[PDB]
$ cat model_11.csv   # CSV, N, CA, C and O atoms and all ligand atoms
chain,number,residue,atom,x,y,z
A,1,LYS,N,-9.5,6.6,-9.6
A,1,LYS,CA,-8.8,5.7,-10.5
A,1,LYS,C,-7.4,6.3,-10.8
A,1,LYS,O,-6.4,5.6,-10.7
A,2,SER,N,-7.4,7.6,-11.1
A,2,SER,CA,-6.2,8.3,-11.4
A,2,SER,C,-5.2,8.2,-10.2
A,2,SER,O,-5.6,7.7,-9.2
A,3,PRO,N,-4.0,8.8,-10.4
A,3,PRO,CA,-3.0,8.8,-9.4
A,3,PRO,C,-3.3,9.8,-8.3
A,3,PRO,O,-3.1,9.6,-7.1
A,4,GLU,N,-3.9,10.9,-8.8
A,4,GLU,CA,-4.2,12.0,-7.9
A,4,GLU,C,-5.1,11.5,-6.7
A,4,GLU,O,-4.9,11.8,-5.6
A,5,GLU,N,-6.1,10.7,-7.1
A,5,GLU,CA,-7.0,10.1,-6.1
A,5,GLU,C,-6.3,9.1,-5.3
A,5,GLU,O,-6.7,8.9,-4.1
A,6,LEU,N,-5.3,8.4,-5.9
A,6,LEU,CA,-4.5,7.4,-5.2
A,6,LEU,C,-3.8,8.1,-4.0
A,6,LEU,O,-3.7,7.5,-2.9
A,7,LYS,N,-3.3,9.3,-4.3
A,7,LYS,CA,-2.5,10.0,-3.3
A,7,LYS,C,-3.4,10.3,-2.1
A,7,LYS,O,-3.1,10.0,-0.9
A,8,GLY,N,-4.6,10.9,-2.4
A,8,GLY,CA,-5.6,11.3,-1.4
A,8,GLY,C,-6.0,10.0,-0.6
A,8,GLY,O,-5.9,10.0,0.6
A,9,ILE,N,-6.5,9.0,-1.3
A,9,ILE,CA,-6.9,7.8,-0.7
A,9,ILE,C,-5.8,7.2,0.2
A,9,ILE,O,-6.1,6.9,1.3
A,10,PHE,N,-4.6,7.2,-0.4
A,10,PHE,CA,-3.5,6.7,0.3
A,10,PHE,C,-3.3,7.4,1.7
A,10,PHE,O,-3.3,6.7,2.7
A,11,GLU,N,-3.3,8.7,1.6
A,11,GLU,CA,-3.2,9.5,2.8
A,11,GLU,C,-4.3,9.2,3.8
A,11,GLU,O,-4.2,9.2,5.0
A,12,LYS,N,-5.5,9.1,3.2
A,12,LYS,CA,-6.7,8.8,3.9
A,12,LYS,C,-6.6,7.5,4.7
A,12,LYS,O,-7.2,7.4,5.8
A,13,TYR,N,-5.7,6.6,4.2
A,13,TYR,CA,-5.5,5.4,4.9
A,13,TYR,C,-4.2,5.5,5.8
A,13,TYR,O,-4.2,4.9,6.9
A,14,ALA,N,-3.2,6.1,5.2
A,14,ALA,CA,-2.0,6.3,6.0
A,14,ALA,C,-2.2,7.2,7.2
A,14,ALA,O,-1.5,7.1,8.2
A,15,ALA,N,-3.2,8.0,7.1
A,15,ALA,CA,-3.6,8.9,8.2
A,15,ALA,C,-4.4,8.1,9.3
A,15,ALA,O,-4.5,8.5,10.4
A,16,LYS,N,-5.0,7.0,8.8
A,16,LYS,CA,-5.8,6.2,9.6
A,16,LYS,C,-5.0,5.7,10.9
A,16,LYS,O,-5.3,6.1,12.0
A,17,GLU,N,-4.0,5.0,10.6
A,17,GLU,CA,-3.1,4.5,11.7
A,17,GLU,C,-1.7,5.0,11.5
A,17,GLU,O,-1.1,4.9,10.4
A,18,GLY,N,-1.2,5.6,12.6
A,18,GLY,CA,0.1,6.2,12.6
A,18,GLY,C,0.2,7.3,11.6
A,18,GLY,O,-0.8,7.7,10.9
A,19,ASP,N,1.4,7.9,11.5
A,19,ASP,CA,1.7,9.0,10.6
A,19,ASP,C,1.3,8.6,9.2
A,19,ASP,O,1.7,7.5,8.7
A,20,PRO,N,0.6,9.5,8.5
A,20,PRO,CA,0.2,9.3,7.1
A,20,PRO,C,1.4,9.4,6.1
A,20,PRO,O,1.3,9.2,4.9
A,21,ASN,N,2.6,9.7,6.7
A,21,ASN,CA,3.8,9.9,5.9
A,21,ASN,C,4.5,8.5,5.8
A,21,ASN,O,5.5,8.4,5.2
A,22,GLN,N,3.9,7.5,6.5
A,22,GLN,CA,4.5,6.2,6.5
A,22,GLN,C,3.4,5.1,6.6
A,22,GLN,O,2.6,5.2,7.5
A,23,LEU,N,3.4,4.2,5.6
A,23,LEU,CA,2.4,3.2,5.6
A,23,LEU,C,2.8,2.0,6.5
A,23,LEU,O,4.0,2.0,6.9
A,24,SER,N,1.8,1.2,6.8
A,24,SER,CA,2.1,0.1,7.7
A,24,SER,C,1.4,-1.2,7.2
A,24,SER,O,0.5,-1.1,6.3
A,25,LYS,N,1.8,-2.3,7.7
A,25,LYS,CA,1.2,-3.6,7.3
A,25,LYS,C,-0.3,-3.5,7.5
A,25,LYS,O,-1.1,-3.7,6.5
A,26,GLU,N,-0.7,-3.3,8.7
A,26,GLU,CA,-2.1,-3.2,9.0
A,26,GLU,C,-2.8,-2.1,8.2
A,26,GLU,O,-3.9,-2.3,7.7
A,27,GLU,N,-2.1,-1.0,8.1
A,27,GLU,CA,-2.6,0.2,7.3
A,27,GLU,C,-2.9,-0.2,5.9
A,27,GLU,O,-4.0,-0.1,5.3
A,28,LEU,N,-1.8,-0.8,5.3
A,28,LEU,CA,-1.9,-1.2,3.9
A,28,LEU,C,-3.0,-2.3,3.7
A,28,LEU,O,-3.7,-2.2,2.8
A,29,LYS,N,-3.0,-3.2,4.7
A,29,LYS,CA,-4.0,-4.2,4.7
A,29,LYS,C,-5.3,-3.7,4.3
A,29,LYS,O,-6.0,-4.1,3.4
A,30,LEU,N,-5.8,-2.7,5.1
A,30,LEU,CA,-7.0,-2.0,4.9
A,30,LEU,C,-7.1,-1.6,3.4
A,30,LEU,O,-8.0,-2.0,2.7
A,31,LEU,N,-6.2,-0.7,3.1
A,31,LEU,CA,-6.1,-0.2,1.7
A,31,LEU,C,-6.2,-1.4,0.7
A,31,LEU,O,-7.2,-1.4,-0.1
A,32,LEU,N,-5.2,-2.2,0.7
A,32,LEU,CA,-5.2,-3.4,-0.1
A,32,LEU,C,-6.6,-4.1,-0.1
A,32,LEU,O,-6.9,-4.8,-1.0
A,33,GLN,N,-7.3,-3.9,1.0
A,33,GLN,CA,-8.6,-4.5,1.2
A,33,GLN,C,-9.6,-3.8,0.2
A,33,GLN,O,-10.2,-4.5,-0.6
A,34,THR,N,-9.8,-2.5,0.3
A,34,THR,CA,-10.7,-1.8,-0.5
A,34,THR,C,-10.0,-1.4,-1.8
A,34,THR,O,-10.5,-1.7,-2.9
A,35,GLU,N,-8.9,-0.8,-1.7
A,35,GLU,CA,-8.1,-0.3,-2.8
A,35,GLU,C,-8.0,-1.5,-3.9
A,35,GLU,O,-8.5,-1.3,-5.0
A,36,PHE,N,-7.4,-2.6,-3.5
A,36,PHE,CA,-7.3,-3.7,-4.4
A,36,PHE,C,-7.3,-5.0,-3.6
A,36,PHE,O,-6.2,-5.5,-3.2
A,37,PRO,N,-8.5,-5.6,-3.4
A,37,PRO,CA,-8.6,-6.9,-2.6
A,37,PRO,C,-8.1,-8.0,-3.5
A,37,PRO,O,-7.8,-9.1,-3.0
A,38,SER,N,-8.2,-7.8,-4.8
A,38,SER,CA,-7.8,-8.9,-5.7
A,38,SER,C,-6.3,-9.2,-5.6
A,38,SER,O,-5.8,-10.3,-5.8
A,39,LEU,N,-5.5,-8.1,-5.2
A,39,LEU,CA,-4.1,-8.2,-5.0
A,39,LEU,C,-3.8,-9.1,-3.8
A,39,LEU,O,-2.7,-9.7,-3.6
A,40,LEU,N,-4.8,-9.2,-2.9
A,40,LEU,CA,-4.7,-9.9,-1.7
A,40,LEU,C,-4.8,-11.4,-2.0
A,40,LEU,O,-4.3,-12.3,-1.3
A,41,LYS,N,-5.5,-11.7,-3.1
A,41,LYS,CA,-5.7,-13.1,-3.5
A,41,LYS,C,-4.4,-13.6,-4.1
A,41,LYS,O,-4.1,-14.8,-3.9
A,42,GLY,N,-3.6,-12.7,-4.7
A,42,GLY,CA,-2.4,-13.1,-5.3
A,42,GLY,C,-1.6,-14.0,-4.4
A,42,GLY,O,-1.9,-14.2,-3.2
A,43,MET,N,-0.6,-14.7,-4.9
A,43,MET,CA,0.3,-15.6,-4.1
A,43,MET,C,1.1,-14.8,-3.1
A,43,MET,O,1.8,-15.4,-2.3
A,44,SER,N,1.0,-13.5,-3.2
A,44,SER,CA,1.8,-12.6,-2.3
A,44,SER,C,1.0,-12.3,-1.1
A,44,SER,O,0.2,-11.4,-1.1
A,45,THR,N,1.3,-13.0,0.0
A,45,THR,CA,0.5,-12.8,1.2
A,45,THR,C,0.9,-11.4,1.8
A,45,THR,O,1.8,-10.8,1.3
A,46,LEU,N,0.1,-11.1,2.8
A,46,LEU,CA,0.3,-9.8,3.5
A,46,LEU,C,1.8,-9.6,3.8
A,46,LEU,O,2.5,-8.7,3.3
A,47,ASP,N,2.3,-10.5,4.7
A,47,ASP,CA,3.7,-10.4,5.1
A,47,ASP,C,4.6,-10.2,3.8
A,47,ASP,O,5.4,-9.3,3.8
A,48,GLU,N,4.4,-11.1,2.8
A,48,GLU,CA,5.1,-11.0,1.6
A,48,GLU,C,5.0,-9.6,1.0
A,48,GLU,O,6.0,-9.0,0.6
A,49,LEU,N,3.8,-9.1,0.9
A,49,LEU,CA,3.5,-7.8,0.4
A,49,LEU,C,4.2,-6.7,1.3
A,49,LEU,O,4.8,-5.8,0.8
A,50,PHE,N,4.1,-6.9,2.6
A,50,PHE,CA,4.7,-6.0,3.6
A,50,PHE,C,6.2,-5.9,3.4
A,50,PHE,O,6.7,-4.8,3.2
A,51,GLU,N,6.8,-7.1,3.4
A,51,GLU,CA,8.2,-7.2,3.3
A,51,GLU,C,8.6,-6.8,1.8
A,51,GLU,O,9.7,-6.2,1.6
A,52,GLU,N,7.8,-7.3,0.9
A,52,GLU,CA,8.1,-7.0,-0.5
A,52,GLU,C,8.1,-5.5,-0.8
A,52,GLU,O,9.0,-5.0,-1.3
A,53,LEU,N,6.9,-4.9,-0.4
A,53,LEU,CA,6.8,-3.5,-0.6
A,53,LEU,C,7.9,-2.7,0.1
A,53,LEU,O,8.6,-1.9,-0.5
A,54,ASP,N,8.1,-3.1,1.3
A,54,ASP,CA,9.1,-2.4,2.1
A,54,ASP,C,10.5,-2.9,1.7
A,54,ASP,O,10.9,-4.0,2.1
A,55,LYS,N,11.2,-2.1,0.9
A,55,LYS,CA,12.5,-2.5,0.4
A,55,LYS,C,13.5,-1.4,0.9
A,55,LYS,O,14.7,-1.6,0.7
A,56,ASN,N,13.0,-0.5,1.7
A,56,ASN,CA,13.8,0.6,2.2
A,56,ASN,C,14.3,0.2,3.7
A,56,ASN,O,14.8,1.0,4.4
A,57,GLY,N,14.0,-1.1,4.0
A,57,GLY,CA,14.4,-1.6,5.3
A,57,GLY,C,14.1,-0.5,6.4
A,57,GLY,O,15.1,-0.1,7.0
A,58,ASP,N,12.9,-0.1,6.5
A,58,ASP,CA,12.5,0.9,7.5
A,58,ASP,C,11.3,0.4,8.3
A,58,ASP,O,11.3,0.3,9.5
A,59,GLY,N,10.2,0.2,7.6
A,59,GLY,CA,9.0,-0.3,8.2
A,59,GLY,C,7.8,0.5,7.6
A,59,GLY,O,6.7,0.2,8.0
A,60,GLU,N,8.1,1.5,6.8
A,60,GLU,CA,7.1,2.4,6.3
A,60,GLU,C,7.0,2.1,4.8
A,60,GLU,O,8.0,2.1,4.1
A,61,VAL,N,5.8,2.0,4.3
A,61,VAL,CA,5.5,1.7,2.9
A,61,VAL,C,5.0,3.0,2.2
A,61,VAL,O,4.0,3.0,1.6
A,62,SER,N,5.8,4.1,2.4
A,62,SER,CA,5.4,5.4,1.9
A,62,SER,C,4.9,5.2,0.4
A,62,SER,O,5.2,4.2,-0.2
A,63,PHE,N,4.3,6.3,-0.1
A,63,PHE,CA,3.8,6.3,-1.4
A,63,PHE,C,4.9,5.8,-2.4
A,63,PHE,O,4.6,5.1,-3.4
A,64,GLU,N,6.1,6.1,-2.1
A,64,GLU,CA,7.3,5.7,-2.9
A,64,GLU,C,7.2,4.2,-3.2
A,64,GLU,O,7.2,3.8,-4.4
A,65,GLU,N,7.1,3.4,-2.1
A,65,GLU,CA,7.1,2.0,-2.3
A,65,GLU,C,5.8,1.6,-2.9
A,65,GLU,O,5.7,0.6,-3.6
A,66,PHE,N,4.7,2.4,-2.7
A,66,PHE,CA,3.4,2.1,-3.3
A,66,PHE,C,3.5,2.0,-4.8
A,66,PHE,O,2.8,1.2,-5.4
A,67,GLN,N,4.3,2.9,-5.4
A,67,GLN,CA,4.5,2.9,-6.8
A,67,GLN,C,5.0,1.6,-7.3
A,67,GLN,O,5.0,1.3,-8.5
A,68,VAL,N,5.5,0.8,-6.4
A,68,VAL,CA,6.0,-0.5,-6.7
A,68,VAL,C,4.8,-1.5,-6.9
A,68,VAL,O,4.9,-2.4,-7.8
A,69,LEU,N,3.8,-1.3,-6.1
A,69,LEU,CA,2.6,-2.2,-6.2
A,69,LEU,C,1.8,-1.7,-7.5
A,69,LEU,O,1.1,-2.6,-8.1
A,70,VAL,N,1.9,-0.5,-7.7
A,70,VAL,CA,1.1,0.1,-8.9
A,70,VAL,C,1.4,-0.7,-10.1
A,70,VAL,O,0.6,-0.7,-11.1
A,71,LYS,N,2.6,-1.4,-10.1
A,71,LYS,CA,3.0,-2.2,-11.2
A,71,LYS,C,2.0,-3.4,-11.3
A,71,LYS,O,1.5,-3.7,-12.4
A,72,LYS,N,1.8,-4.1,-10.2
A,72,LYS,CA,1.0,-5.3,-10.1
A,72,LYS,C,-0.5,-4.8,-10.3
A,72,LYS,O,-1.3,-5.6,-10.9
A,73,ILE,N,-0.8,-3.6,-9.9
A,73,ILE,CA,-2.1,-3.1,-10.0
A,73,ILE,C,-2.4,-2.6,-11.4
A,73,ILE,O,-3.5,-2.4,-11.8
A,74,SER,N,-1.3,-2.6,-12.2
A,74,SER,CA,-1.4,-2.3,-13.6
A,74,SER,C,-1.6,-3.5,-14.5
A,74,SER,O,-2.5,-3.4,-15.4
A,75,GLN,N,-0.9,-4.6,-14.1
A,75,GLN,CA,-1.1,-5.8,-14.9
A,75,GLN,C,-2.5,-6.4,-14.6
A,75,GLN,O,-3.0,-6.2,-13.5
B,101,LA,LA,10.2,2.2,3.5

$ encode --input "model_11.csv" --output "structure tokens" --more "lines below"
Ligand SMILES: [La+3]
Amino acid sequence: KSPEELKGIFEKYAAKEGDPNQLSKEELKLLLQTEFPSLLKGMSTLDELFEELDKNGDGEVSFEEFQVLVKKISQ
């Protein structure tokens, strides 16, 4: 629940596919799946979440960008 576990879990998923130093659509998908499937129900589709989360115009949703979703995960 805490952030500490979020980091671990995050890496556990980021390490799944590709470098764990960079998140991916498919990667996040899984996470968003177990991590927070309710967020998937939101009006923000994957693509939207992918593009939305990714604001560093790179392609990686590093933990940094993750803190952005933490907002929606807070509400
Ligand atoms: La990025």

$ residues_near_ligand --input "model_11.csv" --ligand "ligand LA 101 (chain B)" --cutoff "10 Å" --atoms "only C-alpha atoms and all ligand atoms" --output "list in words"
residues 22, 23, 24, 50, 51, 53, 54, 55, 56, 57, 58, 59, 60, 61, 62, 63, 64, 65 and 66 of chain A

$ residues_around --input "model_11.csv" --residues "region 25-27 of chain A" --least-positions-apart "4" --cutoff "8 Å" --atoms "all atoms listed in the file" --output "VMD selection string"
chain A and resid 10 13 to 18 31 to 33 46 to 47 49 to 51 59 to 61

$ atom_distance --input "model_11.csv" --atom1 "CA of residue 5 (chain A)" --atom2 "CA of residue 43 (chain A)"
26.8 Å

$ atom_distance --input "model_11.csv" --atom1 "CA of residue 3 (chain A)" --atom2 "CA of residue 70 (chain A)"
9.6 Å

$ select_by_dssp --input "model_11.csv" --residues "chain A" --states "alpha helix (DSSP H)" --output "VMD selection string"
chain A and resid 3 to 14 25 to 34 38 to 41 46 to 53 63 to 72

$ closest_residue --input "model_11.csv" --among "A:1, A:21, A:73, A:52" --to "residue 37 (chain A)" --atoms "only C-alpha atoms"
A:73

$ atom_distance --input "model_11.csv" --atom1 "CA of residue 35 (chain A)" --atom2 "CA of residue 9 (chain A)"
8.5 Å

$ closest_residue --input "model_11.csv" --among "A:42, A:4, A:12, A:68" --to "residue 30 (chain A)" --atoms "only C-alpha atoms"
A:12
